[PDB]
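A single chain comes next, written as structure tokens; it is the form deposited in one PDB entry.
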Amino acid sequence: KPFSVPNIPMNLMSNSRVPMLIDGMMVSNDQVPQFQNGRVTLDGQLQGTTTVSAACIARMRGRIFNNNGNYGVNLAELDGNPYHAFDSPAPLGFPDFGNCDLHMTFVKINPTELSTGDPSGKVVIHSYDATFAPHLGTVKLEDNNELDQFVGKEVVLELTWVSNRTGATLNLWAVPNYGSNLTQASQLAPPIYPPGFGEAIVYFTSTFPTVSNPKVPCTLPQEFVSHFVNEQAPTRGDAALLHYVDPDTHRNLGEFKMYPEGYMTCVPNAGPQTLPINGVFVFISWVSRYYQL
């Protein structure tokens, strides 16, 4: 089966780290990416905490508890089935923002708890300290005096906004310490390094309320991930050459190389100019690693 990428304009696809439309792409000015969401091989093998649907991105599910003076969530997969530590660093879709304050909105999700009343709440979750242990199945919730009614209840949580940990800057490249002090989490997607030849890793961006740095970078659009999982196309070269084309004339606006590990590069800054955000990526061919952009 021939390899391909989605025919969809970039600005109609979602970020893979937050559920937001992509509003740009850029190379970094500096920081090694080791995102756990948006990770997949070109032949469709999911990595880290990455799953298929954008509906899963940056969400959690589980049962709220109160134990030894502290509140928390016992995690499950987003469909309510159990999280098995062997399969991944955390349940699929779990936010991959580390060393920061995750401001979550949540709702009760048991149908029997959704007959009457207001099922909703909000809570802060630190992606740091030993009590942040999603690989072990648990995370601490900061007590906001409004959690008691939810103790024992199953909820789904979504990432509403993010702030820095007090005393620290907000680092969107930090890897969460999923396994606490017990172990390095199983099946972490690896860090990515650029290959040479002037190439730089491309990040797809979304404006999002990561307060103090409201531009979330990811290494693949979510719909690329589902595309590769769907296709399972064998990888047949060092790199997949893509052209980013005008959506109407199909004229090439810029070349990119996608590597088997599931990320792409460019040689930036080829006369000042700005690429539009409504272009379409098109697979041209497998090329050697020596292909010069």
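Rigid core here is just the name for the largest C-alpha set that superposes within 1.5 Å across the two forms. One rule holds for the numbers: they count along the sequence shown, beginning at 1.
Beyond what is shown, the protein has a form deposited in another entry; the following relates to that form.
Just one of 78, 174, 185, 133 moves its Cα by 2 Å or more between the shown form and the other one on a rigid core overlay, and this residue is 185. If you compare C-alpha positions, residue 47 and residue 181 are 3 angstroms or more closer together in that other deposited form than in the form on display. By 3 Å or more, the C-alpha separation between residue 181 and residue 83 shrinks in that other deposited form relative to the form shown here.
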